[PDB]
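In the block that follows, a single chain appears as structure tokens, in the form deposited in one PDB entry.
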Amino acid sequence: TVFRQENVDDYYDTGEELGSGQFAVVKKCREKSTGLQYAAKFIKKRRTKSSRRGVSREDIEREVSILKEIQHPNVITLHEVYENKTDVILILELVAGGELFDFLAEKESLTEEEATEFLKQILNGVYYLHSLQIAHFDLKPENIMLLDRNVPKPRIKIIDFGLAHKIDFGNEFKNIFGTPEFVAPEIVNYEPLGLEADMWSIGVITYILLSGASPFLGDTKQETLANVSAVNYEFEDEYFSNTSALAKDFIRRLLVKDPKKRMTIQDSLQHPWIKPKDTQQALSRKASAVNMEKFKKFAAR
């Protein structure tokens, strides 16, 4: 595949840095023909196969091919792709409202009901992806962003498709990648991967959202990975005293070692913490609250 060969500067004015990755810088940009704003993600090509100073073409093409297919309110879309001698440049939907957790940490309080309204949008974005056999594989709080934080109901946008893969029937995918505190045991243990890893990651996100504690984070990388592999976590009363039983059950069904026994996205949407079956369930959720003092501390990390 060949992407657009023109100088991106002919079509866009580039602005400030929005963020960066190992081999990527993301800048705000303005499309000259429309005056509309986008995010330009400049990915460094490795260029020579023996160089470790950039991304392989296969990995860039994969990210691009996944982003091209996706069209859903809770995931970013690809607008255009350009390339020059050094870079592949992805013009992405601009997400301007920062990370979800930073926005939530500015609130005075947050009930589980209010928390689930945000979580539900993540679940909807992932439901979409999984419906197309796309595993995101890098779900973590920093990849959960807000389109615009200054509206009454902020919209979640899942970003960062640098690790995403189409799950292809007939060919096993195994790899070790991603951030130790957020990856599933099958990633840790180099076992067959699928849509299930994302579900684990959602359990981790939810655990942090409610408590301000990371379920598996140890004092070293090696220790974090051992916690994940052993499914060594607790609902510490210091953090979870005001957390509903339905919320803990939601989490418990996601933080499951065997991928085949873990809750699927479709089941997570029907879980009573997400979709209460009666008045009593809806009342618990409303009555329960995020641990805001502790949560605010997490977001500061």
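C-alpha atoms forming the largest set that superposes within 1.5 Å between two forms make up the rigid core. Numbering starts at 1 and follows the sequence shown.
Another form, the form deposited in another entry, is not on view; read the next lines as being about it.
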query: Of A96, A226, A105, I167, the one whose Cα moves 2 Å or more between the shown form and the other one after core superposition; finding: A105
query: Cα displacement of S131 between the shown form and the other one reaching 2 Å, rigid core superposed; finding: no
query: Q71 C-alpha moves between the shown form and the other one by 2 Å or more, core aligned; finding: no
query: Yes/no, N150 Cα shift of 2 Å or more between the shown form and the other one with rigid core fixed; finding: yes
query: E108 and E236, C-alpha gap in that other deposited form relative to this structure (3 Å or more); finding: closer
query: Direction of C-alpha distance change in that other deposited form, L36 to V151 (at least 3 Å); finding: farther
